[PDB]
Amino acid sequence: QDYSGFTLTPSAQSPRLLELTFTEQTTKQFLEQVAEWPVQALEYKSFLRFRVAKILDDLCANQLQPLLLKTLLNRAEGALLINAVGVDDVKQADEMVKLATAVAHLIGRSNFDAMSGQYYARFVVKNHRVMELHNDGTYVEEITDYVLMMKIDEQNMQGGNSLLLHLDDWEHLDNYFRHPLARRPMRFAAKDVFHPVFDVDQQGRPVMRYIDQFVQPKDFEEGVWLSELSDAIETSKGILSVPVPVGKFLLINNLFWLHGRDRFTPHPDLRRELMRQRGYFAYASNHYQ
């Protein structure tokens, strides 16, 4: 269909990854209407995160929030690459944070990031290897429903695409899901938590909560299996390789998408800045009370 304030087109890498682009009129109006709250105001007063969310959704005739929720919750999709025309330079990092915040807080709430002390975190990489596919939030009890990763800056960067794996594109899903250890609660440590690497959604379809660094196999049986699982994920033919240009961000359902990052070329002048948010879904629906 045709949407108010933005366009939605499938990506070249996969029909499951949809590209959402806010128009120029939508973008400059949003930035104008949220100009009176700097990013530090969003940091200090969390309800402003929801206020700028509403402002953005209002500028899209309230078509954005239902579209975001539909896409992220659709098992067939669950992934967005989002950008706003005119917001594509590192000098607009604050506008980038505002826009991502507004998008994230239409579908839920972003959790505290221990590495930044805020509801979002920015990293710069300077001075090489593939970051293996994984889910976020595997070492805490609360489920992380979504991962938001935004490219703030990118200079002298060859490679480094975001890697994505939708569980239903993973050719080995059934082999590992049907193994008894898939249901075995395992220890995860950054207090420790225990949960299986696999679970099911409400329909019985597999979801995952996996990362190689924080899973703690208790014995030879668990360790060998996890090392085979790791291999079966990293060599999967279903992995997507997605460039994320400055100003764009991926927003993915953390339960049936795994994400990672490809190796990049070391270069003295290399600078890549990322912004991340992770949170849970929260939305109105017709259900029992």
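We call the rigid core the largest set of C-alpha positions that still match within 1.5 Å between the two forms. In this text, residue numbers run from 1 along the sequence as written.
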RMS CA shift, core-fitted in 4 other deposited structures of this protein, bigger for 162-170 or for 149-157: 149-157
Greatest C-alpha divergence in 4 other deposited structures of this protein once each structure is fitted on the rigid core, 7-15 or 261-269: 261-269
At least a third of other PDB entries omit residue 216: no
Residue 127 left out of the model in a third or more of other PDB entries: yes
Gap size between residue 128 and residue 127, counted in deposited residues that the entry leaves unmodelled: 10 or more
Absent coordinates between residue 190 and residue 191 - deposited residues affected, binned into four classes: 4 to 9
Stretch with the greater mean C-alpha B-factor as recorded in the entry, comparing 139-147 against 83-91: 83-91
Mean C-alpha temperature factor, higher of 105-113 and 148-156: 148-156
Options 46, 40, 253, 230 - largest CA temperature factor per the record: 40
Peak C-alpha temperature factor (PDB record), options 31, 240, 258, 226: 31
Where the record places residue 267 (Cα B-factor, split into thirds across the chain): highest
For residue 195, the third of its chain into which the C-alpha B factor falls: lowest
Where the record places residue 36 (Cα B-factor, split into thirds across the chain): highest
Relative C-alpha B-factor of residue 98, binned into the chain's lowest, middle or highest third: middle
Ranked against its chain, the third holding the CA B-factor of residue 10: highest
